[PDB]
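K.L.:
Have a look at this one.
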Amino acid sequence: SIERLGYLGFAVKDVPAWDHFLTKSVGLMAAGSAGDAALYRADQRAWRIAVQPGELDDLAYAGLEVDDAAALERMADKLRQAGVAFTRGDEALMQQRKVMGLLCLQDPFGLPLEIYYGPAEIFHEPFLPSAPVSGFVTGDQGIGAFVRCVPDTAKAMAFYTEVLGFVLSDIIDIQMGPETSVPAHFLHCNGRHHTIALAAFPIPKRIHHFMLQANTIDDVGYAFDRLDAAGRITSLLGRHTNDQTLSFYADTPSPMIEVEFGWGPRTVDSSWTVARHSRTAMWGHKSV
Amino acid sequence: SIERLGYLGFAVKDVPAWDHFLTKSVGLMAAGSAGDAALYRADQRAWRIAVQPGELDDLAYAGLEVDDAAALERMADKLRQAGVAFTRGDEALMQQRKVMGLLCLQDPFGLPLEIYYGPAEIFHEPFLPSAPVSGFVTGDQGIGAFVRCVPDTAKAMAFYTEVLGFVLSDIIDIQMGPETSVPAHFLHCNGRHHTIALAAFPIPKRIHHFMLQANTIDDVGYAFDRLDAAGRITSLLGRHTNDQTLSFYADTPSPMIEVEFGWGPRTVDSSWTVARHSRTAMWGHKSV
Amino acid sequence: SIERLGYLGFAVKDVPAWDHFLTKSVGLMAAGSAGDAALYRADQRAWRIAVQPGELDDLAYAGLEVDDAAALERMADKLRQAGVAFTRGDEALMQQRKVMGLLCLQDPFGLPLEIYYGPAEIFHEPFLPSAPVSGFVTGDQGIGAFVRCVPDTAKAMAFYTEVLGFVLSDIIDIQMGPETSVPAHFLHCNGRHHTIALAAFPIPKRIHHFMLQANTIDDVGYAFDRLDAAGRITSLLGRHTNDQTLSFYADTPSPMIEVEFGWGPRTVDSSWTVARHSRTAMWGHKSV
Amino acid sequence: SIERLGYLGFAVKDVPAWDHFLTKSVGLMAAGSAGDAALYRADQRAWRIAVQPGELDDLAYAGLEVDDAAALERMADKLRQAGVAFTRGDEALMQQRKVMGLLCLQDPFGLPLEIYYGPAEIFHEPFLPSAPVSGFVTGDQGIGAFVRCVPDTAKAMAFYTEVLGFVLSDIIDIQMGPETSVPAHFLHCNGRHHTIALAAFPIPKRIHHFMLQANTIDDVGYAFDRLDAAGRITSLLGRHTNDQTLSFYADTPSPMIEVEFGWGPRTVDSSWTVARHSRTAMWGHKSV
Amino acid sequence: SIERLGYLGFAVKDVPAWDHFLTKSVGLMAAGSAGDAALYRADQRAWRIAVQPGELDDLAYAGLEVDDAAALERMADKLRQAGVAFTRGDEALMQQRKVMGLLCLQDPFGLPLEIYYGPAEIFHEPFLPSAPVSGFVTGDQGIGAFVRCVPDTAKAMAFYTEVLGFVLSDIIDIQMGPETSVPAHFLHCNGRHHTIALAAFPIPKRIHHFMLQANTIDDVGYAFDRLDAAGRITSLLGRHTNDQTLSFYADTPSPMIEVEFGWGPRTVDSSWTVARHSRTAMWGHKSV
Amino acid sequence: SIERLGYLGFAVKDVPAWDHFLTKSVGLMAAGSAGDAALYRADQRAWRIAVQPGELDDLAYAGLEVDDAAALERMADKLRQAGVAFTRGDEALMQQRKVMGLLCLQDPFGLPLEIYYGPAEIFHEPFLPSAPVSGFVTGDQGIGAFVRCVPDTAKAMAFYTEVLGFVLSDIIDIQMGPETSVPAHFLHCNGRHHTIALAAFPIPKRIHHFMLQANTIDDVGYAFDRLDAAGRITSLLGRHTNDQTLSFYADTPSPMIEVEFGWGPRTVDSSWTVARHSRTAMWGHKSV
Amino acid sequence: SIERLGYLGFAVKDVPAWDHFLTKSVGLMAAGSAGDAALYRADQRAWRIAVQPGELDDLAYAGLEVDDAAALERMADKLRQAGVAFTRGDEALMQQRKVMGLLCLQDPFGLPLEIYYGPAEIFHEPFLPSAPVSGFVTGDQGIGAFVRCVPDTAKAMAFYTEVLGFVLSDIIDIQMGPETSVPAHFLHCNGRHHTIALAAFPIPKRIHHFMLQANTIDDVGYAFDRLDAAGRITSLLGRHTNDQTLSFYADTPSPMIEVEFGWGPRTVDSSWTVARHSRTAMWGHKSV
């Protein structure tokens with residue numbers, strides 16, 4: 001099974017705006033380029049987020065990491081047995097993403113996924129944030145999480161759990177209208193409460209948002225002000241019911257895609273009980 | 001196997017007396033109603049104890065929790081293989097108990113059991129006790145425990161262990177008369193020393209008592225005085241030989257059903273050795 | 001010297017609104033009455049805040065605590081030597097405030113102060129909050145703090161430091177207009193970063209606000225939502241530069257008097273260096 | 001000033017009953033005799049409690065310890081300056097109490113006090129309790145405490161504080177009748193919340209009770225049962241408002257003198273604030 | 001497999017001498033009798049060592065504990081499969097040893113073994129040592145250990161490992177004469193470095209010695225002096241190479257059987273590497 | 001007495017080279033300018049190091065901090081009593097250094113010193129290093145230290161100790177030639193092993209070097225490589241005998257002035273014993 | 001699978017130079033001889049490194065340890081199944097290496113390997129270093145590591161992983177020339193980041209170097225100076241990218257074989273992710 005979410009690639013209309021957003025606002029470290037993709041770091045990895053020009057203004061691919069070569073062949077076997085089409089990344093792609101091997105596939109609704117092993121680390125170029133952020137919580141929990149929009153949550157659930165090995169943490173019924181709610185399913189594949197959530201939102205984007213976790217509450221507080229100065233805040237500070245991440249939300253430069261910048265969630269394990277929540281926020285998160 | 005005891009429902013003759021008892025005396029939080037049942041909370045769960053009108057003046061049902069949907073189907077399989085009759089809770093029942101799925105059955109002596117998964121949590125309405133109690137120890141150990149009266153301990157034991165997956169912790173020989181004792185069997189299904197004890201007491205009730213565990217010794221001390229002011233104390237403070245819960249006992253408003261309010265027990269695991277004790281109390285617990 | 005701020009008395013136009021505000025919103029425990037004053041508790045003390053009817057809609061008095069009878073006589077000596085008028089609280093007043101002895105005086109600008117020793121504690125009636133708040137940080141640091149408006153900060157400073165024994169922690173230049181700032185002086189008399197701050201604000205009230213410190217960040221988060229539901233929020237969540245209290249502000253029912261509800265500040269001692277800050281907030285606290 | 005209470009001597013009508021009481025019930029170690037006094041140990045000291053035959057059935061003397069020879073001469077100087085009569089213990093007395101030097105005096109109401117230094121320790125005969133008690137909390141806090149009955153609390157207070165250097169911790173108003181209470185004053189001379197309390201009780205004895213502090217709550221629980229088997233319990237388990245000792249009370253064999261056997265109190269220091277309490281118990285301690 | 005050594009029974013010529021030895025010297029608690037056996041306690045168990053009259057002056061039986069009824073049936077199955085004769089303890093024997101079930105067998109060289117489950121605990125009669133010893137280390141590691149003399153170590157090894165499930169920890173070559181050594185094999189069945197050691201010593205007894213582990217180094221030091229006063233010391237204080245127990249040895253009243261009284265050994269687990277040592281002592285243990 | 005070294009000002013020939021050196025190499029944060037001085041930060045202070053153009057290529061002034069206004073007047077009194085000339089910084093100077101008050105003087109050999117209180121902090125502009133350094137150890141220990149060259153160590157010693165209140169930590173005899181050594185005296189004024197060392201080196205500069213302390217050993221390791229890439233290393237990694245700072249040395253752009261970048265020293269207090277060392281390095285620090 | 005590297009044997013041209021090197025420089029304890037091999041200790045083992053005369057001037061054999069006799073037979077089975085030739089060490093060899101059993105084989109490129117169990121420990125002759133080194137980190141992680149030169153890394157990898165059970169930790173691309181790098185594969189068999197690394201270096205030796213890990217950073221610092229005094233340093237202090245060992249390198253007396261003396265690495269487990277690094281050093285390690 002997938003061990004963690006390791007990287008994200010966005011294809012966007014305003015590369016400079018994304019560059020400023022990820023560095024001066026979010027605090028990531030600019031790390032050069034690979035092909036037409038600008039690269040950004042959050043830790044020791046050669047890169048975590050890639051930004052390339054494109055009309056999509058959306059997530060273009062997600063990297064799903066495994067721990068070694070044999071694990072990757074086992075994922076190939078799982079894909080074959082499940083009838084899921086995939087191709088093996090060629091040398092150029094391997095070089096482009098800085099990995100030792102990868103399988104290219106899509107989820108049932110067209111999001112390209114890349115299952116890989118052997119990513120590049122560059123400890124000789126220690127991480128230096130572009131804005132005051134003490135650091136990000138990554139490690140075995142990967143880069144963070146994202147909320148995947150899908151037209152059929154049950155169909156998406158079967159794929160992510162049965163094929164990729166993610167596990168359901170819990171569900172939140174997100175009230176949309178007076179008598180309309182959407183059951184968001186939160187899935188884990190390691191200690192991070194969730195790495196991918198699945199929801200049938202009426203949004204045209206592949207994802208609703210991606211989440212990064214910072215080391216301290218002040219990191220979050222300071223980041224709020226930077227995004228507020230940029231005019232991008234979409235939520236006040238708040239804390240989620242299920243993972244208890246204390247965060248705020250802001251718009252990325254791609255319309256309808258937000259970022260969640262947070263701190264201090266609960267983590268999970270094999271004893272996590274599936275439960276249901278009627279609200280996204282235990283406190284705060286008022287929409288603005 | 002069952003992971004924990006999650007809820008209890010009582011059917012009683014004096015609903016107002018039970019309401020005052022659970023709130024002003026015990027300290028639980030009133031949490032509205034579902035159908036004709038008044039609901040009470042001890043933590044983040046939407047409810048833990050339900051009280052409905054009825055002539056039984058007894059425990060009407062017990063909710064036995066599992067961690068996910070697949071676990072529930074596996075319990076269904078265990079019931080089928082064991083020849084234990086059960087039905088699937090319909091939508092109305094699921095809505096009534098605020099769960100995602102449930103199986104309805106009885107133990108061999110008529111106590112209705114509900115095996116469920118996916119309970120509702122309401123972190124946006126943080127727990128507020130009705131009396132000075134710092135909190136209850138629940139979490140993975142469930143709401144607490146109860147002592148189930150049975151006519152045939154061996155028969156009850158086979159069902160709870162072989163069918164439901166509980167495990168024997170230890171036995172106490174409870175001296176009843178000059179040359180008469182009853183062997184109480186204490187069963188666990190998680191870290192709580194026991195969740196269900198089985199005993200052939202000559203009492204007309206389904207249970208002898210239910211137990212709640214508070215966070216501090218002062219919680220217990222203060223609760224003693226509140227129940228004493230109410231004229232309900234049945235035991236002085238004391239500590240059990242087997243789980244070493246330091247507690248007192250009091251009458252509930254239903255005759256012959258008591259409550260045990262305690263603190264600081266030992267917890268168990270796979271290395272817990274079956275042992276036998278000749279007394280219920282290491283110290284205290286004098287009957288009054 | 002004064003050891004800590006122990007109590008506050010308000011004289012207000014809307015006693016019921018203050019009652020609801022302190023209980024359902026802030027979380028204090030209603031504790032009966034003394035004379036025409038409604039009493040509120042935050043801990044083991046018989047009372048911490050008193051609310052009496054009056055047109056002032058302001059702080060009517062502040063209780064400044066010392067540790068014993070001899071300390072009180074020494075404060076009397078300090079007042080005499082400094083030429084500050086004072087009277088000794090009579091039996092009725094002692095009974096009213098539940099103290100063993102008190103001196104009644106005013107600060108140079110008319111705020112009545114009561115220096116006392118021997119307050120009443122009622123551990124047999126353990127604290128029970130009226131809203132979900134885990135508890136307040138009081139103890140040797142007293143009930144909290146307040147910001148005292150004065151027409152002459154230097155004059156006020158001499159009195160609070162030379163006569164009462166408070167000590168300057170630091171200064172914040174609070175920008176009021178384009179080319180106008182007010183130098184707020186923050187004074188301590190124990191580990192609390194400040195107990196009284198002195199500022200020449202153009203506000204008609206004796207105080208700008210009073211501050212209570214809760215045990216957890218969630219206490220603060222939950223309280224924000226309760227005050228927001230009441231329509232009283234005046235600041236978003238934020239953190240101060242000098243004491244690093246993470247808080248929000250809200251209006252009390254008395255116009256121009258606010259409450260600050262906070263968590264997690266730095267504490268001080270004899271090694272605290274006087275420093276100057278150009279902003280009140282390290283992050284957040286946007287005015288709304 | 002006095003550093004700690006080091007020993008107590010009782011003169012009683014039933015020496016065998018006291019012997020059984022201190023050993024089999026309380027758990028002290030029999031330690032032979034000195035003259036006509038039977039000796040009992042609680043720790044490394046050669047003795048802590050002495051029992052001699054006499055019609056008093058009361059406390060005959062209390063040993064007040066200082067840390068060295070010079071400290072004792074300084075106490076002599078304090079007594080001289082205060083006009084308090086005293087004599088120097090002769091060689092026989094020094095040998096009898098196993099000390100290097102002592103001053104013999106009385107408090108203003110006739111209780112003999114012995115101020116001493118240089119007590120004997122016998123680590124080569126390690127402490128062995130006579131009943132199951134894990135140990136007593138003594139050390140720098142001395143053997144324990146006692147409540148001294150006096151006809152004039154103010155007079156007693158001046159002596160214990162001004163002459164002997166004890167310090168007021170707090171006061172409890174002990175309700176005796178419908179409209180009658182006695183203000184008990186609790187005095188410390190080290191970390192123990194109090195070593196001597198002063199109260200104008202209408203009891204014919206020099207003391208109301210003496211208190212010993214055990215290491216664990218189980219020590220207390222087990223001791224309760226032993227004293228209950230002996231028919232001596234006078235209070236149920238409970239916890240005091242001021243020192244928060246969790247204890248029970250029992251009769252000694254001398255009528256109107258009780259023992260308090262407790263655990264887990266708060267300790268004090270130079271920052272302890274004088275406060276007043278309206279009840280002796282935060283919870284429990286119901287009289288039986 | 002066997003979980004721990006739970007009890008030992010000796011058959012001796014001088015019951016009074018053994019009684020004094022186990023109580024006044026070793027510190028065990030006398031606990032009455034069962035049949036013609038005097039019982040001794042080291043902890044919460046109703047008994048740990050039994051002493052009965054007999055000419056053997058040797059270990060008469062050893063109790064090997066398992067955690068539950070099913071485990072005992074599994075041991076029965078192992079014995080059957082291995083062709084090892086055994087009988088089921090009858091009611092009288094079960095009553096005599098205070099257990100819920102037992103299998104009676106012998107090791108290949110005639111030492112009676114009793115495999116049992118469900119021992120009696122008596123927490124209402126808390127442990128009280130007969131001599132100054134703070135306590136013994138037992139719990140999941142059982143009562144202690146013994147060194148079993150055998151004529152054929154390989155044969156004994158096969159039985160204890162293959163049949164009973166003990167595991168080899170390490171070996172010490174014990175030099176007997178100028179060119180003669182005996183390879184002692186140390187076996188564990190839990191965290192205790194060893195519970196049974198196997199050695200081909202030329203001693204007529206079933207065992208060379210049994211070992212008890214005390215809580216502190218002072219326990220050991222004080223015990224040394226008590227056994228020295230009794231004229232029983234056989235070794236000076238020392239520390240073993242393999243388990244690093246710091247101990248001394250003394251004679252029991254049965255000739256050629258000693259006791260080892262120790263403290264502070266290393267404990268083991270599944271990662272313990274088999275190693276060989278050329279000496280029994282890292283330091284000390286000089287024979288006297 | 002002086003509490004800590006708070007700031008340093010350099011007057012240099014190559015401002016751009018110093019700018020690159022302090023930011024890209026050392027890791028300090030550029031913080032704008034005040035007058036013709038470029039400012040650099042290491043923490044929450046508005047500035048720590050100032051660089052202005054000048055032919056000196058040397059330390060132009062050192063800021064010595066005290067905790068409050070009264071402390072500054074007391075230093076003025078000490079200067080007056082000692083006959084040391086000083087002037088009071090005017091408004092322009094106060095504005096320039098961002099302090100509430102300052103005294104301007106020189107040490108006996110012409111180094112300008114500024115004794116000040118009330119420095120500016122800017123927590124709303126959190127520290128962001130210009131190179132990968134996790135942070136600096138400052139706080140109550142000030143910015144760091146420097147080694148002051150003097151022609152007469154005894155004369156310098158009398159001034160720094162008797163007038164400014166520094167305290168001798170220890171001495172190192174620094175071997176210069178075959179039969180020539182210089183006794184460097186290391187002085188503290190807080191927990192930092194030394195803040196100023198005094199040595200009669202034959203160097204034309206006011207100081208031999210200044211020292212900054214980083215949070216981790218990796219900070220130091222990474223910094224070494226950055227300075228090595230710049231061609232500035234003067235010592236290999238090493239650790240001092242007296243403070244046990246683990247550091248390396250590098251040239252600043254001003255000839256004969258170096259920087260020491262270190263980690264992990266011992267800290268001092270009132271119990272630090274004056275001792276003498278024959279070498280500067282316990283290990284390493286080979287000159288290159 | 002192999003549990004750890006337990007010993008190394010070198011065959012060298014200058015035995016005295018190796019003797020001085022391992023004792024006076026590295027700090028190992030001389031431990032006599034076995035046959036023509038001089039023995040050296042690093043801990044409780046009778047020996048860790050053996051040095052015998054020979055023209056090879058290279059590693060002559062490596063001892064690979066397993067935990068018991070059965071484990072060794074299982075390794076024999078693995079060798080048989082894989083078609084790898086091996087012989088059983090005879091009595092003389094067993095005596096020579098001080099082990100209870102061993103299999104002699106070679107890796108695919110001629111390095112003799114000895115798989116063994118039951119090594120000799122000599123706690124009665126406690127370790128005494130020959131130079132100031134506080135101790136070495138060995139225990140379950142074995143003596144240390146070595147870098148094995150091979151002509152075919154894939155072939156070597158298959159043998160060490162598939163046959164011996166080592167596991168790939170990570171890879172470093174070691175740049176040799178302008179457009180030439182060698183992919184070093186680092187393998188673990190316990191918590192030590194690696195025990196054997198495999199690399200196709202163009203060196204005539206079996207190994208590039210062996211590594212020892214000392215307890216403290218000062219151990220490393222002091223050792224650097226000792227090797228520098230000997231003229232043997234080949235690298236400055238530095239820290240590796242992958243295991244983060246902070247070390248230096250020095251020449252052994254055998255040309256082209258070095259020693260790495262280090263401290264403070266990361267350790268591994270089953271969750272270690274295979275990653276790739278482009279440099280050997282995160283910082284330092286400049287070649288000299």
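How things are named: the first chain in the structure tokens is A, the next is B, and so on; residues count from 1 in each chain; ligands count from 1 in the order shown.
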For chain B, report every residue with an atom at most 10 Å from chain C (counting only C-alpha atoms), formatted as a compact mmCIF listing (two decimals) with N, CA, C and O atoms, in the first residue's frame.
P.N.:
# COMPACT_ATOMS: atom_id res chain seq x y z
N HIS B 124 -18.09 20.40 18.41
CA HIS B 124 -18.48 21.81 18.34
C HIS B 124 -19.37 22.18 19.52
O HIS B 124 -19.67 23.36 19.71
N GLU B 125 -19.79 21.18 20.30
CA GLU B 125 -20.57 21.39 21.53
C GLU B 125 -19.78 20.72 22.65
O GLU B 125 -20.16 19.66 23.15
N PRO B 126 -18.66 21.33 23.05
CA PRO B 126 -17.77 20.72 24.03
C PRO B 126 -18.48 20.31 25.33
O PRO B 126 -19.39 20.99 25.78
N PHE B 127 -18.06 19.19 25.89
CA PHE B 127 -18.63 18.65 27.11
C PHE B 127 -18.62 19.65 28.27
O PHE B 127 -17.61 20.31 28.52
N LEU B 128 -19.74 19.77 28.95
CA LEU B 128 -19.89 20.64 30.11
C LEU B 128 -20.62 19.85 31.19
O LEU B 128 -21.82 19.63 31.07
N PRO B 129 -19.93 19.45 32.24
CA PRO B 129 -20.58 18.65 33.29
C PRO B 129 -21.64 19.44 34.04
O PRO B 129 -21.52 20.66 34.09
N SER B 130 -22.65 18.76 34.55
CA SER B 130 -23.74 19.37 35.31
C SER B 130 -23.43 19.50 36.80
O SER B 130 -24.20 20.14 37.54
N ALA B 131 -22.33 18.90 37.24
CA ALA B 131 -21.89 18.94 38.62
C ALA B 131 -20.36 18.94 38.55
O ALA B 131 -19.80 18.60 37.51
N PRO B 132 -19.69 19.34 39.62
CA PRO B 132 -18.23 19.40 39.60
C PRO B 132 -17.51 18.05 39.47
O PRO B 132 -17.25 17.35 40.45
N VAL B 133 -17.18 17.72 38.24
CA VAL B 133 -16.44 16.53 37.93
C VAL B 133 -15.53 16.98 36.80
O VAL B 133 -15.99 17.59 35.84
N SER B 134 -14.24 16.74 36.95
CA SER B 134 -13.26 17.22 35.97
C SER B 134 -13.36 16.51 34.62
O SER B 134 -12.93 17.05 33.60
N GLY B 135 -13.98 15.34 34.59
CA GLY B 135 -14.08 14.57 33.36
C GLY B 135 -14.12 13.08 33.66
O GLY B 135 -13.89 12.65 34.79
N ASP B 218 -10.41 13.47 43.76
CA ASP B 218 -11.33 14.49 44.28
C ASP B 218 -12.68 14.44 43.58
O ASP B 218 -13.71 14.68 44.19
N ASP B 219 -12.68 14.12 42.30
CA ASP B 219 -13.94 13.93 41.59
C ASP B 219 -14.79 12.93 42.35
O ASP B 219 -15.98 13.14 42.57
N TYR B 222 -15.88 14.30 45.95
CA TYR B 222 -16.94 15.30 45.83
C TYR B 222 -18.25 14.61 45.45
O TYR B 222 -19.31 14.96 45.96
N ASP B 225 -20.12 12.96 48.40
CA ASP B 225 -20.90 13.90 49.18
C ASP B 225 -22.21 14.29 48.50
O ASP B 225 -23.25 14.43 49.16
K.L.:
Among range 96-254 of chain E, which residues does DSSP mark as strand (DSSP E) when it is run on the backbone? Keep the chain and numbering as in the structure and answer as number ranges by chain.
P.N.:
E: 101-106, 112-117, 120-121, 145-149, 167-177, 180-188, 196-199, 207-213, 238-240, 246-251
K.L.:
Find the residues near residue 16 in chain B: any atom within 12 Å, counting only C-alpha atoms, skip ones fewer than 4 places away on the same chain, and give them as an MDAnalysis selection string.
P.N.:
chainID B and resid 12 20:24 37:38 51:53 253:254
K.L.:
What lies within 7 Å of residue 121 in chain B using only C-alpha atoms, ignoring chain neighbours under 2 positions off, as a ChimeraX atom specification?
P.N.:
/A:275-277 /B:44-46,119,123
K.L.:
Next, dump the selected residues to file, keeping only N, CA, C and O atoms, as a short mmCIF file (atom, residue, chain, number, x, y, z; two decimals), in the first residue's frame.
P.N.:
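To be explicit, this is the file written out as part32.cif:
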data_model
loop_
_atom_site.label_atom_id
_atom_site.label_comp_id
_atom_site.auth_asym_id
_atom_site.auth_seq_id
_atom_site.Cartn_x
_atom_site.Cartn_y
_atom_site.Cartn_z
N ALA A 275 -15.77 7.38 13.01
CA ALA A 275 -16.81 8.16 13.67
C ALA A 275 -17.34 9.19 12.68
O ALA A 275 -16.74 9.44 11.65
N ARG A 276 -18.47 9.80 13.03
CA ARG A 276 -19.11 10.77 12.17
C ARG A 276 -19.26 12.10 12.88
O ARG A 276 -19.65 12.14 14.04
N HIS A 277 -19.01 13.18 12.16
CA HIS A 277 -19.09 14.53 12.70
C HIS A 277 -20.06 15.34 11.86
O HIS A 277 -20.09 15.20 10.64
N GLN B 44 -17.07 13.61 24.23
CA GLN B 44 -17.33 14.15 22.90
C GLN B 44 -18.46 13.46 22.13
O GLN B 44 -18.94 14.00 21.13
N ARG B 45 -18.86 12.26 22.57
CA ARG B 45 -19.92 11.53 21.89
C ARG B 45 -21.25 12.26 21.99
O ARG B 45 -21.53 12.89 23.00
N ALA B 46 -22.07 12.18 20.96
CA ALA B 46 -23.37 12.86 21.00
C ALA B 46 -24.21 12.36 22.19
O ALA B 46 -25.02 13.11 22.74
N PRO B 119 -20.25 5.98 15.40
CA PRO B 119 -21.04 6.85 16.27
C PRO B 119 -20.79 8.32 15.98
O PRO B 119 -19.74 8.66 15.43
N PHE B 123 -17.82 17.68 18.67
CA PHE B 123 -16.77 18.52 19.27
C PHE B 123 -17.11 20.01 19.23
O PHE B 123 -16.49 20.82 19.94
#
K.L.:
Can you pull out the residues contacting range 60-69 of chain E? Cut-off 6 Å, using only C-alpha atoms, and skip same-chain residues under 4 positions away; I want them as a ChimeraX atom specification.
P.N.:
/B:273-274 /E:2-11,112-117
K.L.:
Write out as a VMD selection string each polymer residue whose atoms come within 10 Å of range 75-79 of chain F, counting only C-alpha atoms; drop sequence neighbours fewer than 4 positions from it.
P.N.:
chain F and resid 1 to 2 66 69 to 71 83 to 88 102 to 103 105 115 to 116 162 to 165
K.L.:
Need the shell around residue 266 in chain C: protein/DNA/RNA residues with any atom at most 7 Å away, counting only C-alpha atoms. Skip same-chain ones fewer than 4 positions apart. Format as a list in words?
P.N.:
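Final neighbour list, sorted by chain and number: residues 193, 243 and 244 of chain C.
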